[PDB]
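There are 4 protein chains.
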Amino acid sequence: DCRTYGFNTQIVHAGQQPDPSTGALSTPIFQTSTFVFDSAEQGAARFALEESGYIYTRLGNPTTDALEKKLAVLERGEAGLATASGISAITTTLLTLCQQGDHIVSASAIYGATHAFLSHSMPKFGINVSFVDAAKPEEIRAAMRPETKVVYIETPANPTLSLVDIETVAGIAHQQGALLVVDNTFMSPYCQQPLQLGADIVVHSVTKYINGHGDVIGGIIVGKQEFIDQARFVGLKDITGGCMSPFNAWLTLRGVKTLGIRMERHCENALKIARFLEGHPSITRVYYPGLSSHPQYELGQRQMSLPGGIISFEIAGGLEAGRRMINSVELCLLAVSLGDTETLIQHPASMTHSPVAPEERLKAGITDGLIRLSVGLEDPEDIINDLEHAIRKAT
Amino acid sequence: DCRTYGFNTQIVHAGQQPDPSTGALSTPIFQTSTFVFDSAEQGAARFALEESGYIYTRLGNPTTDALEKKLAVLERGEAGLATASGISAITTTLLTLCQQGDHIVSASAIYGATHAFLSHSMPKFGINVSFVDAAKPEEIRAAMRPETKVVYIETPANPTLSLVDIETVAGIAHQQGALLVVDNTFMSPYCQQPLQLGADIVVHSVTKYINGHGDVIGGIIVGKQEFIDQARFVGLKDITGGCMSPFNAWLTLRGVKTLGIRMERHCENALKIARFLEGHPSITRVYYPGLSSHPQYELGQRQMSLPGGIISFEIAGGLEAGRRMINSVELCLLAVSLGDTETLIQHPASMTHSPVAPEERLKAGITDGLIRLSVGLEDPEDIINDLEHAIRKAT
Amino acid sequence: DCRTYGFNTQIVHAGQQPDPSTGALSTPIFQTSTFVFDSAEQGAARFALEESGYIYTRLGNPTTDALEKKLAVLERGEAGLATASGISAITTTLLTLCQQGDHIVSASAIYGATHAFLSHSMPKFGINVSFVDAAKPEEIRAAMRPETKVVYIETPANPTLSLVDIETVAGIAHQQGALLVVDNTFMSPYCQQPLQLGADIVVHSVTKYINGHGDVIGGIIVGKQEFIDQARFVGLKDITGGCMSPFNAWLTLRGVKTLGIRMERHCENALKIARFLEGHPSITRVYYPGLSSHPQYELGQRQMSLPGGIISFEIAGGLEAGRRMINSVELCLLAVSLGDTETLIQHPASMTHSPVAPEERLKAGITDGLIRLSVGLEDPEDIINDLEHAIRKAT
Amino acid sequence: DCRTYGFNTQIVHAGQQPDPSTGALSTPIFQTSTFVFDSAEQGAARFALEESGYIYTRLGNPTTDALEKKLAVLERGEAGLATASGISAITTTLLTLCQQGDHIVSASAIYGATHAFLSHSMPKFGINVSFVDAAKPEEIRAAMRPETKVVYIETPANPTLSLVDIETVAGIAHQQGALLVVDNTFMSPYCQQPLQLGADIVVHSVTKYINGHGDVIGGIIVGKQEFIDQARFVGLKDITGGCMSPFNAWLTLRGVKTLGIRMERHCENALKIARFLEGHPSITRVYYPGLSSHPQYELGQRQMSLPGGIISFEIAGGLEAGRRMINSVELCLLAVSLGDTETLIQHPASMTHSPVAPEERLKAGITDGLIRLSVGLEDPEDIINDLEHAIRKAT
Ligand SMILES: *Cc1c(COP(=O)(O)O)cnc(C)c1O
Ligand SMILES: *Cc1c(COP(=O)(O)O)cnc(C)c1O
Ligand SMILES: *Cc1c(COP(=O)(O)O)cnc(C)c1O
Ligand SMILES: *Cc1c(COP(=O)(O)O)cnc(C)c1O
Ligand code: NA
Ligand code: NA
Ligand code: NA
Ligand code: NA
């Protein structure tokens with residue numbers, strides 16, 4: 003029972019063991035679609051759910067099962083379900099929970115494709131969504147309705163790294179009879195554990211920190227066994243079909259083995275870079291949970307064991323300065339992902355949101371000089387020198 | 003332009019080319035999540051859809067792009083979209099096309115998880131489904147409604163390998179203003195091409211023949227560029243998130259290279275085994291498009307270039323005989339998939355449908371002695387001798 | 003016991019079985035370096051060779067073990083040993099068998115890197131090699147010495163596809179107390195079985211036909227258990243260290259599943275292309291075992307079940323014509339490998355042997371207009387039309 | 003030019019870059035055997051070595067090239083060459099450097115299969131080896147002969163973690179005109195850099211720390227470009243054929259990205275466990291470079307930036323106590339590898355060397371109670387509690 007060891011030991015060992023056939027230490031890649039039964043009796047046993055085995059990889063698989071058990075342990079949930087993408091973990095969750103007529107209260111500062119799913123796809127199926135500022139828990143309460151099945155939040159949230167009081171939101175949702183689903187992608191279980199704070203369901207894009215090596219698109223869902231069985235035998239099997247390939251599970255198991263030491267280096271590196279940016283006369287704002295000037299600093303200190311690897315910051319001179327600076331880094335790479343071992347940088351005003359009206363973007367927290375930085379495992383002095391060089395150039 | 007060569011040449015070369023960086027012949031495994039831009043300008047160009055490149059693997063990927071282009075060529079469609087599973091190809095299609103209030107006419111003899119999706123998940127989102135016997139095209143017409151967006155069919159269909167007149171159904175659907183979606187999984191593009199017969203959209207589980215090696219769960223969607231862009235930038239990106247991992251795409255590209263020679267051997271082997279079963283006094287019925295006694299034999303001859311690798315057959319003595327025979331093979335393997343290089347066998351009455359009421363199953367075409375056989379690439383005499391041994395045992 | 007079924011059944015099933023832990027049909031990828039023991043006793047048991055298990059992937063591995071067992075079955079040898087390359091299979095063999103003072107008789111028409119190993123590396127370790135024309139078995143006998151441990155041959159041989167009478171050479175070697183090692187790469191076990199003809203050891207580059215998909219560098223060694231144990235526990239473990247990665251073994255297991263149907267299509271396609279080339283007035287010579295004009299045609303008919311997928315041919319007008327024609331194909335690809343699913347072509351006089359003196363190359367069988375063709379699985383009319391177009395251009 | 007950044011930055015970025023075709027951040031897996039040329043001219047250009055490209059994966063490959071460039075940077079060598087195993091890196095080196103008549107001076111405390119290669123395989127090819135105690139540099143000098151081409155050392159050495167003064171041995175070898183080859187496997191470039199100390203060639207089993215994830219068998223060779231070209235175009239191409247598969251290279255690139263943070267945690271964890279063992283009344287000896295009682299402690303402080311992740315120690319009560327304790331761990335795993343993320347333990351007296359005469363083993367430094375520990379990334383308190391439990395049991 004691995005649930006008893008320290009959290010680093012669990013990251014290494016939870017859900018894994020030497021192969022019972024051969025002693026192979028690495029979990030084998032069960033890259034198979036079909037499983038063979040010894041008897042007609044066994045096929046019937048496994049299919050009606052009266053026997054525990056494997057049948058078919060869309061349903062379950064030994065490599066994926068290890069990833070699922072591990073992350074269940076690390077989030078302190080009963081069960082895990084892996085998915086083809088983080089988006090797929092989110093929609094497999096909500097399409098399992100919601101039907102025509104149901105309602106959802108959702109943070110507005112959430113991942114873009116989640117916003118499009120809730121804004122345009124959900125109401126198309128008869129499921130209505132109210133969007134609120136999840137940093138003010140009263141807004142969550144005001145929007146709740148007799149039909150509300152789910153409150154949905156992300157913390158820290160993009161793009162300004164605002165926070166959401168999970169424990170407080172969980173009590174509000176629970177009192178009105180709703181579930182709290184938390185996207186814990188930015189933090190990983192090493193830094194934040196929503197289920198310990200009262201959330202019901204945790205979703206991750208394992209694409210980001212949990213895998214950590216920028217070579218896997220994936221997601222995971224953690225929660226009660228009864229909900230997870232529904233998300234598997236209805237949500238995955240019937241609705242999204244978003245199963246994770248066993249190779250992607252195996253890469254994620256391998257990437258997650260260094261989660262603890264990676265997050266330590268990410269956050270130590272990020273704290274140094276945030277302090278450097280807070281002292282730079284060309285940087286108007288730095289958004290980072292580890293800085294004292296952060297509006298919800300003490301909530302972050304209660305709710306997160308580390309301030310995280312993501313920084314946002316605003317550069318003197320708006321849209322053209324951010325573009326100059328972003329075209330002037332030589333070590334940070336221009337990309338839209340985060341959580342990789344390489345430092346990644348994006349300038350949303352001249353990249354992702356370039357054909358959006360300026361004051362349409364500004365309502366959504368994205369200013370003309372806002373830059374988001376995914377701090378990698380490089381030497382922080384090298385990242386800082388690069389940033390200093392590009393900032394200095396850009397002004 | 004590979005669309006000009008013979009169909010075997012296309013299976014080998016369509017969508018593929020030596021790598022422009024290095025001349026590597028095998029398509030590289032671009033096992034990456036993130037892509038890097040050279041400039042802020044490039045990020046903005048690619049994101050608004052004004053420039054053709056790559057951004058993020060959930061959206062698109064060079065390895066997956068090759069698989070998509072290849073199968074587009076082989077089905078004679080404009081564009082392809084790969085998915086995490088065959089189920090995901092089906093639901094990404096229909097959830098892209100349908101919204102609250104829409105209606106679907108569907109064959110009843112369809113894959114089980116498709117039946118559960120249409121029967122229970124679709125009406126939950128406000129989308130109603132009428133199920134009909136797609137072997138009688140008038141039933142399709144009778145069920146059509148002003149709200150019908152889609153007619154959905156599978157041919158050949160499980161479990162009795164009944165057929166559906168694609169060209170006739172396509173005209174009916176088109177006259178009433180609906181699209182025809184065809185699941186072409188059983189046949190592969192080598193044996194049947196729905197889009198040439200007037201279907202609008204073709205879906206496959208590449209898990210079966212297209213990959214052929216029983217080591218990939220995947221699906222593909224082929225059709226017009228305008229629909230495929232919606233299925234990608236809304237259906238995948240926002241709703242299912244069912245993207246295919248680039249490794250699974252690469253295995254499918256590799257498996258499909260032998261599609262033509264595999265299907266030839268499957269069908270040659272299957273024809274021999276069907277004739278053997280038709281002559282066996284303990285076998286009451288053999289269902290196989292290549293046998294003259296097949297109810298729709300001449301339609302199969304117009305619509306399919308080969309009779310296929312799947313056989314169903316009924317064994318003297320019902321439920322207990324089928325169980326004895328299935329527990330008595332020593333070379334065919336008991337499994338629920340099909341299209342692998344190994345011969346696979348299942349007895350649905352005592353496996354998949356064992357806790358279903360007998361006359362509930364019989365309405366659904368599954369009799370007590372029905373066995374489904376996925377004929378592999380073994381020597382047919384060996385498969386036959388094994389079958390003969392087990393049949394002989396079972397009675 | 004799979005050694006009892008037909009040869010296609012064996013290609014599918016030999017050495018493989020459903021996983022005993024999970025029923026997974028595909029052999030798992032045991033991508034591990036280390037294996038764990040349950041007890042100190044077990045470690046000691048396995049290490050002294052008193053117990054059968056796994057210890058460490060350089061020594062053995064369950065995925066590699068399957069590949070080894072399969073190819074042992076197909077060559078009718080007792081045991082197999084997989085290697086990092088075909089070269090590594092050859093040198094692990096000979097460095098296991100030979101020591102300072104030993105001697106080798108070798109065909110001169112052998113693979114280039116084998117020629118460099120024998121010509122320059124072997125005598126550097128005190129092991130002398132005499133090179134002979136292995137198409138004249140008397141030359142083999144004349145060169146034999148009291149120190150000769152090994153006769154080494156390749157058949158068919160490059161570049162002119164000359165043949166070597168395996169059964170006759172085997173008797174000569176055995177009478178003088180030497181072993182016959184045969185490189186069976188060109189033929190694969192499907193087309194030729196040296197061990198049935200009296201060879202002692204068979205080596206393959208699985209890079210070519212056995213894998214067949216141009217994505218694996220590998221080799222295999224088949225022979226008696228007593229020699230194979232030495233080649234493993236001394237040759238691999240201590241001398242070359244050329245072990246195969248378990249992923250490469252798994253890809254080779256997957257590629258070899260279609261060996262029988264691939265070789266049939268290769269040889270059927272090759273026969274058609276050879277007949278086309280024999281009729282072309284711009285083609286001076288066609289070398290192909292399936293053509294009646296082949297100098298050793300009837301030996302090929304006794305010794306090979308099919309004439310093979312490789313053709314060589316000479317083009318009117320020597321060096322500049324061969325260069326024009328090779329720069330004028332648009333479907334055959336310019337590459338130096340063979341056995342892939344794509345048709346591959348090379349012009350050794352202006353590629354591999356371009357800075358070699360013309361009459362140095364001509365002693366080695368390579369004329370100015372010689373072209374080697376690896377016939378793929380495309381439609382033969384497409385390959386022929388391409389060849390016809392390029393030949394026509396080149397003259 | 004990545005050779006200019008900090009050592010962590012180099013671990014992340016050296017030898018790697020976004021793909022020039024597509025911007026893919028992860029280095030693509032160029033899992034190909036064959037490369038295609040655009041022209042006959044290009045084939046001839048690349049083959050004679052007059053042009054820089056790719057030809058064939060046994061020779062070179064873009065994925066393997068990245069791994070080679072990276073590790074060249076980290077060791078401060080000109081060039082790298084990857085191999086199928088650590089053994090293959092060692093023998094490809096020495097079989098490239100040595101021929102019949104040459105001589106080698108070698109540490110006796112070296113890896114077992116290296117000892118078998120030098121003791122039994124080398125003299126079989128006419129290459130003589132003298133074995134010495136490399137901790138006394140005078141022994142190295144005394145054994146040198148006019149024929150000596152190579153001095154070969156390992157530091158730290160198994161099983162007692164004795165050290166070898168690289169800088170001093172390098173001067174001795176160089177004065178007598180020999181090369182110094184150092185096996186740097188135990189340390190990785192993060193902890194020790196032989197080439198900066200005057201070694202000529204560095205070899206690694208990347209199986210251990212450089213990959214770090216217990217799922218790759220591999221080796222690497224770093225040194226001057228002129229020697230590396232010989233080791234590639236003669237040693238690999240002709241003699242061992244021990245090339246690394248591009249998938250194994252890609253896994254090693256991925257594993258090495260966390261080398262710096264893994265080695266920090268290994269050594270921090272190991273220091274704590276060594277201090278715990280030094281204080282335990284049932285532990286007679288602890289061998290660890292970080293302990294002051296270590297015979298060569300100050301040399302270790304000059305030559306290594308960290309004391310390493312390996313500990314050896316002797317347990318009260320000899321052979322039966324070591325066996326009890328090893329059969330009594332429940333978190334450390336019994337295995338013979340090292341450098342994995344899991345803590346690994348072995349008791350050589352009752353496992354690897356169990357059928358060796360007791361005083362044969364004791365000459366070789368292996369006492370009856372000697373245990374070797376590969377300290378993983380678990381929580382050290384958990385490892386210690388496990389060790390304490392098993393020690394306490396064993397006595
Ligand atoms: C990237 C991200 C996602 C989506 O994950 P994918 O694997 O890309 O589908 C969801 N939520 C958050 C907070 C993300 O950062
Ligand atoms: C197996 C199958 C499917 C489902 O494909 P998956 O990849 O398993 O999700 C869909 N349709 C048909 C006809 C099938 O046979
Ligand atoms: C290609 C070849 C080899 C070498 O195999 P590799 O896997 O490239 O090392 C050996 N013998 C023959 C006949 C070959 O064609
Ligand atoms: C394990 C080891 C080797 C051998 O490496 P392999 O990859 O197993 O062949 C060589 N040297 C040392 C010091 C080792 O620990
Ligand atoms: Na903190
Ligand atoms: Na037909
Ligand atoms: Na013949
Ligand atoms: Na130190």
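Protein chains in written order, with the deposited numbering: chain Y, 3 to 397; chain P, 3 to 397; chain F, 3 to 397; chain E, 3 to 397.
No residue lacks a Cβ here, since even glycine has one placed at the ideal position from N, Cα and C.
> Is the CB of P:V38 under 8 Å away from at least one CB in chain B?
Replying inline: Looking at the structure shown, chain B is missing, and the protein chains on hand are Y, P, F and E.
>> I'd like the list of long-range same chain contacts for E:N329, defined as Cβ closer than 6 Å, with 5 residues on each side in sequence excluded.
In response: none
> Grouping DSSP H, G and I as helix and E and B as strand, with all else coil, what is E:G8?
Replying inline: coil
> In the DSSP assignment, what are the bridge partners of F:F315?
Replying inline: F:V288 and F:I373
> Which residues, taken in chain order from the stretch 337-356 of chain F, show a beta carbon closer than 8 Å to some beta carbon of chain E?
Replying inline: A337, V338, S339, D342, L346, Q348, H349, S352, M353, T354 and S356
> What distance in whole Å lies between the Cβ atoms of E:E80 and E:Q227, which are believed to be in contact at a cut-off of 8 Å?
Replying inline: 4 Å
> Along chain P, in chain order, which residues have C-beta atoms closer than 7 Å to that of Y:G216?
Replying inline: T34, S35 and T36
> If we count the other Cβ atoms within 10 Å of its Cβ and call it buried at 16 or more, is P:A42 buried or exposed?
Replying inline: Buried is the call here.
>> Suppose the cutoff is 6 Å on Cβ atoms and the five residues either side in sequence are ignored; what does the same chain contact list for P:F278 look like?
In response: The residues are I386.
> Assuming Y:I129 and Y:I106 make a contact with CB atoms under 8 Å, what is their CB distance in whole Å?
Replying inline: 7 Å between Cβ atoms; contact.
> Using DSSP with H/G/I as helix, E/B as strand and the rest coil, what is F:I203?
Replying inline: strand
>> Y:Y299 and Y:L163 - do their beta-carbons sit closer together than 8 Å?
In response: no
> By Cβ distance, which residues of its chain are closer than 8 Å to P:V171, with the 5 residues on each side in sequence left out?
Replying inline: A136, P139, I142, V153, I155 and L182
> Between which two residues does the beta strand (DSSP E) containing P:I328 stretch?
Replying inline: Run containing P:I328: none in the beta strand (DSSP E); it sits in the alpha helix (DSSP H), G320 to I328.
> Roughly how many angstroms separate the alpha carbons of F:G45 and E:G311, rounded to a whole number?
Replying inline: 23 Å
> Does F:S247 get closer than 8 Å to chain Y when you measure Cβ to Cβ?
Replying inline: F:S247 does not count as touching chain Y.
>> Within a Cβ cutoff of 6 Å, which residues of the same chain sit near F:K72, ignoring the five residues on either side of it in sequence?
In response: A16 and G17
> Mind checking whether the beta-carbon of E:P297 lies closer than 7 Å to any heavy atom of ligand 8?
Replying inline: no
>> At 3 residues or longer, what runs of the beta strand (DSSP E) sit wholly inside the stretch 70-116 of chain P?
In response: Segments of the beta strand (DSSP E) lying fully in the stretch 70-116 of chain P: 81-85 and 105-109.
> Do you know whose CA, among E:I174, E:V38 and E:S28, lies nearest P:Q19's CA?
Replying inline: If we check each option's Cα against that of P:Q19, E:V38 comes out closest.
>> Taking the straight line between their C-alpha atoms, what separation do you get for F:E270 and F:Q303?
In response: Cα to Cα, the separation comes out at about 15 Å.
>> Assuming the contact rule is C-beta atoms closer than 8 Å, E:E316 and E:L372 should be a hit. Round their C-beta distance to whole Å, please.
In response: 5 Å
> Near E:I31, which residues of its chain fall below 7 Å by C-beta distance, leaving aside the five closest residues on each side in sequence?
Replying inline: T65, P248, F249 and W252
> Which stretch, first to last residue, makes up the beta strand (DSSP E) that contains P:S132?
Replying inline: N130 to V134 is the span of the beta strand (DSSP E), which, as asked, contains P:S132.
> Are the C-beta of P:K126 and some C-beta of chain F separated by less than 8 Å?
Replying inline: At a cut-off of 8 Å between beta carbons, P:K126 makes no contact with chain F.
> Given a limit of 8 Å on CB to CB distance, which residues of the stretch 228-244 of chain P reach chain Y?
Replying inline: Flagged, chain order: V236, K239, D240, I241, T242, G243 and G244.
> Any beta-carbon of chain P closer than 8 Å to the one on F:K210?
Replying inline: No, no contact with chain P.
> Which two residues bound the contiguous alpha helix (DSSP H) that contains E:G302?
Replying inline: According to the DSSP assignment, E:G302 belongs to the alpha helix (DSSP H) that extends over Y299 to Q305.
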